[PDB]
Amino acid sequence: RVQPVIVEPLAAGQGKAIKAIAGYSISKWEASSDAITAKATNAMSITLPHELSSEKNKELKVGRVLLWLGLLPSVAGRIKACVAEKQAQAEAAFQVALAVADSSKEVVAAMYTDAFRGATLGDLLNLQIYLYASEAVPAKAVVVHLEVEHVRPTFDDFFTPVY
Amino acid sequence: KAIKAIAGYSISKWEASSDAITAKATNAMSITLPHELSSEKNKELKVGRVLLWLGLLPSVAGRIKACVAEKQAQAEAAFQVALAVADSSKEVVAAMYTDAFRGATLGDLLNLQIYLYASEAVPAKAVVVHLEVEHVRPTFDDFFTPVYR
Amino acid sequence: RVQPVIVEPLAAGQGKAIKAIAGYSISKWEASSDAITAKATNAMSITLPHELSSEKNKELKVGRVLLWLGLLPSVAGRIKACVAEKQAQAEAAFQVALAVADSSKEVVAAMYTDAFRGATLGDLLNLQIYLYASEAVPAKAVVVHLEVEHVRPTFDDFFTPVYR
Amino acid sequence: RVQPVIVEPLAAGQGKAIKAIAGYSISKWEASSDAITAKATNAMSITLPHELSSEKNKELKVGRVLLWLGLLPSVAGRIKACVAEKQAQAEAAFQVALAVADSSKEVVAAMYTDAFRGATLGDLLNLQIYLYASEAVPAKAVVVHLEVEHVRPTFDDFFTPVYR
Amino acid sequence: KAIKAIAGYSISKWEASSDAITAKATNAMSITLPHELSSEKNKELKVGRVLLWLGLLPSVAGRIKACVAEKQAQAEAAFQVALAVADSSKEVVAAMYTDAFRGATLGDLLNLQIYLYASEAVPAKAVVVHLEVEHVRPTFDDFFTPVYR
Amino acid sequence: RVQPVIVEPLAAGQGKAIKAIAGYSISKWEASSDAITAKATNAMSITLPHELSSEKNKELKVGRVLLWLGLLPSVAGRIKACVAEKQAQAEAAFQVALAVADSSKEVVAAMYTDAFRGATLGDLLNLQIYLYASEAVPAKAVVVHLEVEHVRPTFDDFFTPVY
Amino acid sequence: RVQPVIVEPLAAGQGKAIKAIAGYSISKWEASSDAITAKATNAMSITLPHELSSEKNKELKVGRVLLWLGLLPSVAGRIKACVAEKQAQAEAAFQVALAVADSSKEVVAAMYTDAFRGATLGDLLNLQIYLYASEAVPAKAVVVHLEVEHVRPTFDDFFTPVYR
Amino acid sequence: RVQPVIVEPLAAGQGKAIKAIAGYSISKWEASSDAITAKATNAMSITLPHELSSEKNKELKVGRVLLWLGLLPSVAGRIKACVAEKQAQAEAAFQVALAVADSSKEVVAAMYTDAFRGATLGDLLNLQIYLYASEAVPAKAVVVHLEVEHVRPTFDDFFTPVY
Amino acid sequence: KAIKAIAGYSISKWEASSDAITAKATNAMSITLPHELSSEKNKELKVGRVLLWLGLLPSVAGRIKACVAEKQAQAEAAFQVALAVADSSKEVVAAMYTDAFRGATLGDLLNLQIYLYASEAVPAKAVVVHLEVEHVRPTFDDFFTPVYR
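Note that the protein sequences, when read in sequence, are chains E, G, F, H, P, V, S, Y and X.
In this text, residue positions in the first sequence follow full-length UniProt numbering: the first is 26, and each later residue adds one.
In this text, residue positions in the second sequence follow full-length UniProt numbering: the first is 41, and each later residue adds one.
In this text, residue positions in the third sequence follow full-length UniProt numbering: the first is 26, and each later residue adds one.
In this text, residue positions in the fourth sequence follow full-length UniProt numbering: the first is 26, and each later residue adds one.
In this text, residue positions in the fifth sequence follow full-length UniProt numbering: the first is 41, and each later residue adds one.
In this text, residue positions in the sixth sequence follow full-length UniProt numbering: the first is 26, and each later residue adds one.
In this text, residue positions in the seventh sequence follow full-length UniProt numbering: the first is 26, and each later residue adds one.
In this text, residue positions in the eighth sequence follow full-length UniProt numbering: the first is 26, and each later residue adds one.
In this text, residue positions in the ninth sequence follow full-length UniProt numbering: the first is 41, and each later residue adds one.
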């Protein structure tokens, strides 16, 4: 039996938001970039924010991480980013990574569901973010957004002891 | 409909800009995780499917091929070993690694490299490679940091 | 009986998210690259983040690791990455490794499910990430994202004790 | 109804002892210091003890880590320590870390509960301990005590087999 | 009554002597675990509350301030970031870190430093810093070592 | 209802002894110190005894550790010790450590309940002990006592095979 | 009542095989030697294989480790090995270690059951293997086999996802 | 009661084959050797095959490993091999190893049941194989067979995606 | 009957050839695992009983003693600390380490050394040392590798 199906169009902003699993929470931070020579990859390092910079919080385990990149409307060309272990040549990181985020697609994002599940935020200090551009891109023209999920920090809802 | 991540996973998506590419040449840039996933706790998360798709400026001309692989002596041989390449001459410029890294660890992606090839001369920041990995959800993303450091 | 089917077109970033198993958490971090000569490889070692650099946290056990690499849109060529134990020749790491992440495909990632299951986080200091580039690729043009899952740290839900 | 209360004065070393959870054990070791210039930091890497240096034991999983530092009574000033992943500038490790152990307080310690839970012991080789001194402090004047908990090693209750 | 360690924990207590301190200066000495806790098995134990209290000779004069923190470029800035300092001018010369390191690992305390400040000139071995950490009990302390090595 | 309470005084030696948890055991060893310059911190390393020096016994997990320091009655000043990871400057180890043992207090000890729980004795080879003194202290004037607990060694009650 | 017994003669390699416990797996690798001066020791560090070198797999927890050493039949003398944390003098590692593998016996092996239980695999990068030779022994004349057990890697039963 | 027992003789090839435990599988590979000077030990490194060389497969946990060495009938002397961690002097590896395989015995093999249980194949890249010979042995005269067991690779029975 | 490995274990058996030995000298060669056990996953396996037995060419003369121990400064002292030696003058040339390494990790055997002693001059490849370790069975030996790399 052939079933008639209507495919309704979507607006830019209508979509199901993926929810963190029970017992975890999501930290969201961004990092601006610098100038990219054409046909060249810059390789920056992941810097945790101050809140997660403590030695207490560098022991929380990691779940899924998400990398979506937001860019100026003035820029043209093709921009591709990923996260990977630090390597000798940066371009080869696009040959090993499990998901790359391409700006030529409809959804400019990369979802890492199992590549870093079970690691630690202190181990996320060891990773790198790789940016590729087809044309010459000036400084601060792309901002990368990375959103990691980790176990909920179990002692951060207390005031500091002063008495 | 789009491909949904399986139950228990999430998808981290990030991009990497390029460098200048000589004609008939291959650059080999390493993979850097974002800051949120760079913790030692989060480098032990397992990896599912990864995706590489590159967006390029429409002014460029030639043929651009990218892949991910392990570190090699010659970069060109990486195009002979890799399980999927993304080609600009083809219909869909993408590379879907469904079983190549499924089971590997998120810290093991630092041992990989992205390989770009250009048939002609390409300036810097002219292509951007988008990669989208999926991994297990981090075990504490629903908690504020403890306020008493 | 033949049964008809309709394949839905799938937008980018619209896949099912893989969840970590019960008792585990996923730590996600990145590493930037340096300049790669044409038809060459580079080996960079995995550095744990500072939060996991404690002696108590170097004894946690590893589940699955995921390497997805993000690259600039300007770079041209074919770039392939993997992880392995450290070797004499780096190129031979592409002959032994269980999964490589080619950039000539639609999913530029590599999922190591049972290659490191049951290993320790300190043993991740003994691994290396290998990049290969088909053309001349400048520095910081690829960034590797590695995402490990590990057992959740047992004491990060408590304040530090106030008495000394 | 208001309910009166009496606060008992507490002598030194008279607190409740935190017990490791079931299936885990606590390994405790120390590291001595070198000379610190005034208003400066020093980064020293964590070295596992030899008993845990095996390949079988570098795959154990980490729970909670505890850094308590012991210092000579002659030294003056303010000394602060933390653990983190290795960074370019060491001072910035005090801006990111989840807990620091100040010496101007009553409990000179720092408890990382969920910062490294689920990491591996080999990943503790990727961490660093950071010391800051407000004044000129000589060598071996502070000693850092780090106490990790990890899964108990599965075969240390058996004699070695007698046949070769 | 004194503060009792919580169920499942024990308290390791040790001391560290000092070095010579210039006037208006800060020394930064690292933390060394004792031998019993220095094993790779025992560096994975979790940490609860830590305590720092310093005993000083009564002949000394001035003002001595100590704390624990992470490693920094300038040592003086460690007194601006640390959550508790121990001051000799105050009523109780102590520093009680209840939530600063609770959850961290016993091997992570090697990444910390003790910071001493003296207002005047202080000779070597004139103050001794006592620190008392609590941690999970080691999983084999009720067994003799196996006699057949 | 106000309840009358009598606070009875204690002698030096009356106190409840903390017991190891089930399945663990306690190894107790001491280490003598050397000369300490005034306002300076010496930083010594932890040496496991011979019984726990085997590769079999460097895999036992660690629970709570205890550091109490015993000193000569002739010495004066103020002495503070702790255990921590090895660092660049030793004095900064008193800013990171979770408990320091002060000789100016009534109980000269430091209890590390969770700082090293789950680590290994081979990882206790990586730690250091930090000593601070206010005045100049000669050699062997302080002996530090550290008492760790670990899992009970499961094969050490056998004679060595000779037949 | 006295009960007679008959002892069966046992051929080489006819012992009971020790099985890893449930949820664990045994990774086995080797390391070759270099030249040893007579009455001397050598310290070589443990390097994890590439499969366990990921950040996700450096957080796995360690059970029992086993060191059995294979040696050429031409070499003469007495050769002893152990594992420990790294020390100043290597010879003192034979005074502290919980088990040594003497070559003057019938079972040339050493079983560390609870020495590293609960440690992390990354913490195996902090350990060292110590060799002692009673006579002049050339290079590559002994090969050490170390066999760790660790938790099984949680994702090595799945293909990598095909979409990028 | 004395019981009469007949000890029946065995042929070279009759013996119970040890079976892998449930959920594991066995990879079997060999490595040829080079020239051995008399009274000297060569120390070669373990190279995983190509099938297990992937970063996906370097995360599988390890069970029991087996080393049996096969040699030419022309060679004479005494040959002893083992596996161990890499060391300063190779001969001392025969003093630490838990089982050495001697060619002078009836069963020329070495069974490592617990020495590497719980490690990883990427950690088996860190080990070494040590060969000893009494007399001078030419190249390729011994081939070492090592047979490891690991968890079964859960995604290797799929074809590669081409559509 | 022979000694059977206990339930859950297997026995890896391998050999190592020798080098040239000066008279009244001791060589110290390190232990190398085979390739199959060299993975980081398999270096975390626990060790039971190990065995060392050496086969020697019948043309050799003198007295050859071997053992396994930790790394030492002097190699001769390894014969004073080791729990079992294999002696060619004795009835059975073997060394059975039943409790010396039982509980240790398979990666810890890289921290050990084999010690050979010869009373006379011995050429290279004249003795071969066989060592047989037992360990837990690797958790995936019943699976083909995933074909989609």
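In this text, a Cβ means the ideal position worked out from N, Cα and C, and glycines have one as well.
At least three beta-carbon pairs within less than 8 Å, the segment 88 to 96 of chain F to the segment 86 to 99 of chain G: Taking a cut-off of 8 Å for Cβ pairs, the segment 88 to 96 of chain F and the segment 86 to 99 of chain G touch, as three or more such pairs fall below it.
Coil, strand or helix - residue 77 (chain E) by DSSP: Against the first sequence, residue 77 (chain E) aligns to sequence position 52. Collapsing the DSSP output to three states places residue 77 (chain E) in coil.
Counted within 10 angstroms of its Cβ, other Cβ atoms place residue 103 (chain V) as buried (16 or more) or exposed: Your numbering for residue 103 (chain V) matches position 78 in the sixth sequence. The residue is buried, with at least 16 neighbouring Cβ atoms inside 10 Å.
Whole-number beta carbon distance between residue 137 (chain V) and residue 96 (chain H), since they are thought to touch under 8 Å: Counted from its first residue, the fourth sequence places residue 96 (chain H) at position 71. Counted from its first residue, the sixth sequence places residue 137 (chain V) at position 112. About 15 Å separates the two Cβ atoms, so there is no contact after all.
Boundaries of the alpha helix (DSSP H) in which residue 147 (chain Y) is found, first to last residue: Taking the first residue of the eighth sequence as 1, we reach residue 147 (chain Y) at position 122. Note, residue 147 (chain Y): alpha helix (DSSP H), 146 to 149.
Reference residue 105 (chain Y), options S:185, S:173, S:165, S:187, closest by Cα: Numbered from its first residue, the eighth sequence carries residue 105 (chain Y) at position 80. Comparing Cα positions, the closest option is S:165.
Per-residue DSSP class, three states only, for residue 120 (chain P): Position 80 of the fifth sequence, counted from the start, is the residue given in the question as residue 120 (chain P). In the structure shown, residue 120 (chain P) adopts helical secondary structure according to DSSP, grouped into three states.
Span separating the alpha-carbon of residue 108 (chain Y) from that of residue 80 (chain X): Residue 108 (chain Y) sits at position 83 when you count from the first residue of the eighth sequence. Residue 80 (chain X) sits at position 40 when you count from the first residue of the ninth sequence. Spanning the two alpha carbons is a distance of roughly 14 Å.
CB contact flag (residue 170 (chain H), residue 46 (chain P), <8 Å): For the purposes of this step, residue 170 (chain H) is taken as residue 145 along the fourth sequence, with counting starting at 1. For the purposes of this step, residue 46 (chain P) is taken as residue 6 along the fifth sequence, with counting starting at 1. With respect to the 8 Å criterion, residue 170 (chain H) and residue 46 (chain P) are not classified as neighbours on the basis of their beta carbons.
Beta-carbon spacing of residue 147 (chain V), residue 150 (chain H) below 8 Å: For the purposes of this step, residue 147 (chain V) is taken as residue 122 along the sixth sequence, with counting starting at 1. For the purposes of this step, residue 150 (chain H) is taken as residue 125 along the fourth sequence, with counting starting at 1. Taking 8 Å as the Cβ cut-off, residue 147 (chain V) and residue 150 (chain H) do not qualify as a contacting pair.
Beta-carbon proximity check, residue 100 (chain F) vs residue 58 (chain G), cutoff 8 Å: Reading the third sequence from its first residue, position 75 is the one you call residue 100 (chain F). Reading the second sequence from its first residue, position 18 is the one you call residue 58 (chain G). Taking 8 Å as the cut-off, the beta carbon of residue 100 (chain F) is found closer than this to the beta carbon of residue 58 (chain G).
Contact list for residue 224 (chain E) against chain G, beta-carbon separation under 7 Å: Outside the modelled stretch of chain E, which goes from 26 to 188, sits residue 224 (chain E), for which no answer is possible.
Bounding residues of the beta strand (DSSP E) (the contiguous stretch that carries residue 86 (chain V)): Start at 1 with the first residue of the sixth sequence, and residue 86 (chain V) comes out as number 61. Here residue 86 (chain V) belongs to no beta strand (DSSP E), and DSSP marks it neither H nor E.
Any C-beta of chain Y under 8 Å from that of residue 189 (chain X): Taking the ninth sequence and counting its residues from 1, the one referred to as residue 189 (chain X) is at position 149. Residue 189 (chain X) counts as touching chain Y.
Cutoff 6 Å; reference residue 83 (chain G); Cβ partners in own chain excluding five residues on either side: Indexing the second sequence from 1 puts residue 83 (chain G) at position 43. The beta carbon of residue 83 (chain G) sits closer than 6 Å to the beta carbons of 146, 147 from its chain, once the five residues preceding and following it are set aside; these are given in chain order.
Test: residue 173 (chain V) CB closer than 8 Å to a CB of chain S: Start at 1 with the first residue of the sixth sequence, and residue 173 (chain V) comes out as number 148. With its beta carbon at least 8 Å from every one in chain S, residue 173 (chain V) lies outside the interface.
Length of the line joining the Cα atoms of residue 175 (chain E) and residue 110 (chain E): Numbered from its first residue, the first sequence carries residue 175 (chain E) at position 150. Numbered from its first residue, the first sequence carries residue 110 (chain E) at position 85. Roughly 19 Å separates the two Cα atoms.
Chain G contacts made by the segment 83 to 98 of chain E, where a contact means CB separation under 7 Å: Residues of the segment 83 to 98 of chain E whose Cβ lies closer than 7 Å to any Cβ of chain G, in chain order: 83, 84, 85, 86, 87, 88, 89, 90, 91, 92, 93, 94.
Test: residue 53 (chain V) CB closer than 8 Å to a CB of chain S: Here the question's residue 53 (chain V) lines up with position 28 in the sixth sequence. No, its Cβ sits nowhere closer than 8 Å to a Cβ of chain S.
Which listed residue (F:56, F:140, F:126, F:60) has its alpha carbon closest to that of residue 184 (chain X): The residue you call residue 184 (chain X) lines up with position 144 of the ninth sequence. Nearest option by C-alpha distance: F:140.
8 Å Cβ cut-off: residues of chain H touching residue 48 (chain S): Numbered from 1 along the seventh sequence, position 23 holds the residue referred to as residue 48 (chain S). Contact of residue 48 (chain S) with chain H by beta-carbon distance below 8 Å is absent, the smallest such distance being about 10 Å.
Best match in S:188, S:114, S:48, S:124 for proximity to residue 123 (chain E) [C-alpha to C-alpha]: Translated into positions along the first sequence, residue 123 (chain E) becomes position 98. It is S:188 whose Cα lies nearest to the Cα of residue 123 (chain E).
Closer than 7 Å at the beta carbon, the chain X residues around residue 186 (chain P): Position 146 of the fifth sequence, counted from the first residue, corresponds to residue 186 (chain P). Residues of chain X passing the Cβ test: 139.
Residue 143 (chain F) at chain X interface by Cβ criterion, 8 Å: Translated into positions along the third sequence, residue 143 (chain F) becomes position 118. Put simply, the CB of residue 143 (chain F) is near chain X, with a gap under 8 Å to one of its CB atoms.
C-beta neighbour in chain P for residue 123 (chain X), strict 8 Å: In the ninth sequence, residue 123 (chain X) corresponds to position 83, counting from 1. Taking Cβ atoms only, chain P reaches closer than 8 Å to residue 123 (chain X), which makes this a yes.
C-beta neighbour in chain X for residue 41 (chain S), strict 8 Å: What you label residue 41 (chain S) is simply residue 16 of the seventh sequence in a count that begins at 1. Flagged as an interface residue toward chain X: residue 41 (chain S), by a C-beta distance shorter than 8 Å.
CA nearest to the CA of residue 133 (chain V), picked from P:112, P:157, P:172: Counting from one through the sixth sequence, the residue named residue 133 (chain V) turns up at place 108. Distance check between residue 133 (chain V) and each of P:112, P:157, P:172 places P:172 closest, using alpha-carbon atoms only.
Length of the line joining the Cα atoms of residue 67 (chain V) and residue 119 (chain P): Counting from one through the sixth sequence, the residue named residue 67 (chain V) turns up at place 42. Counting from one through the fifth sequence, the residue named residue 119 (chain P) turns up at place 79. Using only the alpha carbons, I get a separation of about 21 Å.
Residue 125 (chain V) - containing beta strand (DSSP E), residue span: Against the sixth sequence, residue 125 (chain V) aligns to sequence position 100. For residue 125 (chain V), no beta strand (DSSP E) segment is defined, and its DSSP state is neither H nor E.
Range of the contiguous beta strand (DSSP E) that encloses residue 52 (chain P): The count along the fifth sequence starts at 1 and reaches residue 52 (chain P) at position 12. Residue 52 (chain P): member of the beta strand (DSSP E) spanning 49 to 57, first to last residue.
Where the beta strand (DSSP E) through residue 67 (chain P) begins and ends: Along the fifth sequence, one-based indexing puts residue 67 (chain P) at 27. 65 to 70 is the span of the beta strand (DSSP E), which, as asked, contains residue 67 (chain P).
Beta-carbon contacts of residue 55 (chain E) that lie in its chain and below 7 Å, excluding the five residues immediately before and after: In the first sequence, the residue the question calls residue 55 (chain E) occupies position 30. For residue 55 (chain E), where only same-chain residues beyond five positions count, the Cβ hits under 7 Å are 168, 169, 170.
Residues that residue 80 (chain Y) contacts on chain F, provided the C-beta gap is smaller than 7 Å: Against the eighth sequence, residue 80 (chain Y) aligns to sequence position 55. The answer, in chain order, is 92, 107, 108, 109, 122, 123, 124, 135, 137, 140.
Top-ranked residue by Cα proximity to residue 63 (chain E), from F:60, F:153, F:163, F:26: Start at 1 with the first residue of the first sequence, and residue 63 (chain E) comes out as number 38. If we check each option's Cα against that of residue 63 (chain E), F:163 comes out closest.
Any C-beta of chain Y under 8 Å from that of residue 117 (chain S): Here residue 117 (chain S) refers to the residue found at position 92 when the seventh sequence is read from its first residue. No, because no Cβ of chain Y sits closer than 8 Å to the Cβ of residue 117 (chain S).
Residues that residue 181 (chain F) contacts on chain P, provided the C-beta gap is smaller than 9 Å: Within the third sequence, residue 181 (chain F) is the residue found at index 156, counting from 1. What residue 181 (chain F) touches in chain P: 86, 142, 143, 144.
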